[PDB]
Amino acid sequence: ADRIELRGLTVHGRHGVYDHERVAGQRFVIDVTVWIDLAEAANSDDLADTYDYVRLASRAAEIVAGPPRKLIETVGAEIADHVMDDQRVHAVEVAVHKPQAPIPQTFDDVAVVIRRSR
């Protein structure tokens, strides 16, 4: 099927298991992939016939910026829940990246990806 892909949505947040993570918070990066039939929207060229990526980005960002979760799993589940509330969506993958996570090791990124589908 077709898909809408949002990549690199960068939002300051305070999610974290440990107290020290919630004093000042850190950078979070969100990807969203939405599986949805896009044929109708190419016929109508009407935004109402697709899933608006402007609303998706603002909603995703507000969740990330909101009151902190312990787990990024829970942040990703809240974003995925939002996407599936649109009955046209077949499936969604939400990647919550925590690239500044406190890990004593040298690494590029750590993330969870929450998948949902009908």
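Heads up: residue numbers just count along the shown sequence, starting at 1.
For the pair 104-112 and 18-26, the record assigns the higher mean C-alpha temperature factor to 18-26. In this crystal structure, the stretch out of 47-55 and 27-35 whose C-alpha atoms carry the higher mean B factor is 47-55. In the deposited entry, the Cα temperature factor of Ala65 places it in the middle third of its chain's modelled residues. Among the modelled residues of its chain, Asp85 has a C-alpha B-factor that falls in the highest third according to the deposited record.
When the CA B factors of the chain's modelled residues are split into thirds, the value for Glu78 lands in the lowest one.
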